[PDB]
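To start, I am sharing the structure in question, which I have written as structure tokens.
Residue numbering begins at 1 within each chain, and the chains themselves are lettered A, B, C, D, E, F and G in the order written.
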């Protein structure tokens, strides 16, 4: 909402959960679930 | 001894100290940067003499500052140990000829150390082509000569200000800590009876939060800071407490929007101020901080600690208390007072060495950034010092500084005074300095601390008045960088032969005498009462033995350009400024004669110029020629001094060098062998001596104009060589490559009569306006032939290759002789820019004689265009038939307030016909006898120093005793005037008219280039107005006040046609030209194209701009 | 532009899917293409 | 020329002034130096 | 032999204004110059030089001399 | 990396350069930089052509193509009203 | 309420709709007024308007591409934000925040940046213009005139 939207974008990224191996392979399995469905 | 020509001196007082090297400000600085043999000789000489001197060269310091850097694991590192230089691959003339940069390769020894493997890779790596300063004191880049001017800048340190607010009705104090590069913090006390801190002026806060965020908590703050009511009021009104709480408070205040973190805030505060990398305070900053705050032996180099900020708190609250004398925190007793930003101890000059060091440091920082990016994406055991480092940012930064930067300026080569002034100027503009828009009255004012450090007279008189000043004649430079000045030490009233150079700081705690103070037979003061200056520039005197430092010369205040003027002490300061500002614009003439009257330092102002050829080693002359001087030295070596003849300077004037030594005469070291431009006999000579007659003459010298004889045209007195350079090149474009050739299409054979076989004009071919110099033919233009042109071509027959005549032609209003041609070819080994194939340079030289409209000037700021070149017989001649060579309006000197030039013409007359004073038993006669100006042959040059000159009594007495010329009867009466006849009428003028010999200069504001006219020429592209410029056949701008004046006359039609018909109406200009040529009346005007551009611009900002007439839309 | 006779021009009407109708000229000797853009919305 | 108007230009006015869509960002060809089709500088 | 040869105050007292005088003389000079550009077309509404004419001068000189002589008048439309 | 360098090839320059021309020209730039850091001197275009196995005229053509335009509105100096845009005919 | 009524009542009496404060289309300067002229040596010089229009067109094309497929809301919102900021920079480079510099030395001059000041059309090319049939040289005094 202020100047330098690069800072705003970086905060808009936020505290997303970083994925350890089983988490992203489970997420990829859910991607396949949704896509084949 | 015999180095200088004979010049009779009117100096009454002696000079114990001679003027130092005029080029020290450039050459010494660049030798410091290079660390060459001269610099190490200087540092060892100063070490054995005990003088303060930097022991670190400008490049070894910048390389040791780049510490061995580590990765995030702290494993591998690189280190630049030693730097060395190689001899340059090109000579100076070779660089000056083929558009090269005078540079030498720079080599450094670099090692690559990894602790885990224990591996060291020592290697030598090419860092870039390093430009070198010549001995002349200039940089030769891209074939041109550019010099770098020294830059005035605020000294880093602690600054302390006092102000009063009308609304507050109380005194407010301000504290600043400005570093060399880091962030700046601002402080102020009792804005509303509370004290605060600004961190880059971001958010509101207090001082106590900064203190608690630092290493001290509450109890020591309330203990040590125990005698100031306002600050403890601030402490008690502050609600927060605790170190971590204050740290999170400053973290959220500086950058809101993120949760507080202790490690992040601590690292941010360490990096903002306490980081050795991002707050590299220079040696000057640390020195000034420990001087002002009294910090005893703080780290000589390094970043500030908390103790510096605490001492700033001490000083600010002590100043707000009102007392001025207290002991410094962690130190001795100091003084407490506010200081202004205009004091010259707060101003430091960035010379050429420090500027180039800063640019190389920026390039090295970019290189470290690139390599730090490189190591993180590179594997170990495969990194070579030749590989990981990249020298591209370093050379990019160096070439960005030397080209297109406001400090690296195009060298003015009008005459040697212009060169010396350019190399001696100090600039306040440029990056890291004060801009012209940001300037104010306070900075421009002459400070009382400028005496001996900067010239108060000479400065540009334009919009940037006083922003750019010239260094004083005796001014030296600190190792730190402040401007020093010499003084003669005084002990118990017996002045000694010892000199100490004082900054703008020691000049306050001492009291300074004058060099004009009288002395007895010994070195004691002749009079107890002496006129002195003290701290703050107050001129109050003190009697008896109370002084402790005397000046070395009365010429200490003035620059080198200002000190040339004789009888400066009789001139006004404004006209002195104008006179010193036009002597850098005078051209050199065909053969120049040294001024008959002038300051005796004129020899030193051209001997120290590098253009005058001086002996490298003492010896005897073997052969002389107009092209070379060959001297066989005493040791037996042979050296030939090549002399530039009729070369072109940067301003177009010739730089030819005459020979003054004989065939077999003795030469000592430093003796002038060949004169430079505007020099006679090694003495400096800008203009001519002309016989002046101060009288109005039929109104042709009305309003500061000049009348002069044809005797200055037919005797070739005031004329100069003007070499003009303009070139064209041949390039391979999309259609094809244009060629230089002979077969110019559709032109008579007589036009191409003076061409060579390859399409080059002959050397020595007289050229005029519109003539052909080199014949270049455009390979192809778009062919859309009309049937009329087709049948005309069928009638006459046209050449089968379709080419367009875009060959190089002489511009309008230019005449000259082709004196030299230079041809460059891509097919040869010569380097060329990409795309081009042939490049030709043609020099044309004309001997411009004096004429109407030329601008002449004296030395005292008198100036004027030339209105009439009279015949010789029309001039008012003297009693013996000698016509005057120049006629001046005497109305100028009372209003302009420069009666020093009348003294100058009287002394010029005395120096023409010598005087014989011997045994006259008078005071001035005795003074001239003891000085030596008693037996003077006719014609010998006289010398009046700038503040020791000949007095009025001496001029009157010498006017009484001039040597006779004919009939045993001197011509000028003791009143200073002579009975002047008339040329046109013949009857004598009624009363005697002042005559004399004033040095008259010829300015470079010439008339042969100022003339410019337009009928229909080139037009601008974005808007259809005619473009501007002399070389581009432009039109004079008809500004806003012009339109106001035409509205005021009520002349609607003239204004309307000047705005529509004669510009920016594409359907109007061509029709009007057709109507004029055909003879019919001028058509009605249309609508200017710029208004249509306005409509199209507004219509694109979503503004529905529509023009509707009475009936409807358009 | 004096005495020059212009080429004969014919009017061909182009209609898009959105119903926009515009008139633009073609040369008589020039071939008439069935594919063109829309002056209003750029549709086929 | 009797009166010179101004106002907000709605999208209908912009489309009325316009003669096409500048769909592509490039300006001129890099070898033949000819203006591009349906881009900037479009002929 | 110059611009000042027609006395200006005579013109002012002959026409009682200054800007009307200049547009008046300019229109007359344009008509004269268009008469010289007729190329023998013999147009009736274009009047030649009333006062005696030199071989080469500007038509504005003829206009000022004619109106200084006072043999020509006008009316406002 | 592929999409970023494709977008940089497609949109960064004002005059559009195709991606294969961009990769050719910046490969030539990087090997020219390698030559400069190797022998410490500016190489002749013939050497760079023969060490890359293209014709020298092709090298001249591609380094003529690989140029960045200068904006029309560059100030000339101390004067502010005089711009670079009014100097061209 | 006084300022609000002095602004709102403009839209009541006048017939122009207030839709135009937020826009869907951006008109372009004709190519001569934002030229790209050939120079000597093969160099090219272009106005900054062409660069700003190129930025707007690139971002509009990228936004169209994101709307073509299924994209996350953060990415689409950021694309629309950079599109809006590029259009703002085209209409006023330097009005808000750090101006779009470009080469790294000076900010690009927008449409308004040449409708304003000593370098604008109103003060440098409309009230005062260059003229043909003009000349200049130094002056001398002549008593014989």
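The definition used in the following text is that a contact is a pair of C-beta atoms (placed from the backbone, for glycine too) under 8 Å apart; a residue touches a chain by one contact, two chains touch by 3 or more.
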Fill in the blank from the handout: Ranking A-G and B-D by C-beta pairs in contact puts on top B-D
Problem - Chain centroid nearest the full-protein CA centroid - result: B
Exercise for the section: Between subunit B and subunit C, tell me the centre distance in angstrom, where each centre is the average of that chain's C-alpha atoms. Expected result: 67
Exercise for the section: Could you put a whole-Å number on the gap between the CA centroids of subunit A and subunit B? Expected result: 60
Exercise for the section: Determine the centre-to-centre distance between subunit A and subunit F, using the mean Cα coordinates as centres, and give it in whole Å. Expected result: 38
Problem - Mean-CA-position distance for subunit G and subunit F (Å) - result: 28
Completion exercise
Residue numbers in subunit C touching two or more further chains are none
Exercise for the section: Could you check subunit G for residues that touch two or more other chains and list them? Expected result: 16, 20, 23, 27-28, 35-37, 42, 46-47, 50, 54, 58
Problem - subunit B-touching residues of subunit F, taken from the complex the two chains share - result: 33, 37-38, 40, 60, 63-64, 72, 78, 85-89
Completion exercise
In their shared complex, subunit B is touched by residues of subunit E numbered 19, 22-23, 26, 30, 33-34, 36-37
Handout entry: Partner subunit D, residues of subunit G touching it in the complex
Key = 14, 16-21, 23-28, 31, 36, 38, 46, 50, 53-54, 57-58, 61
Practice task
Can you check the complex and tell me which residues of subunit B touch subunit D?
Solution key: 734, 1098-1099, 1102-1110
Completion exercise
So, in the complex, the side of subunit B touching subunit E is made of residues 1050-1051, 1053, 1078-1081
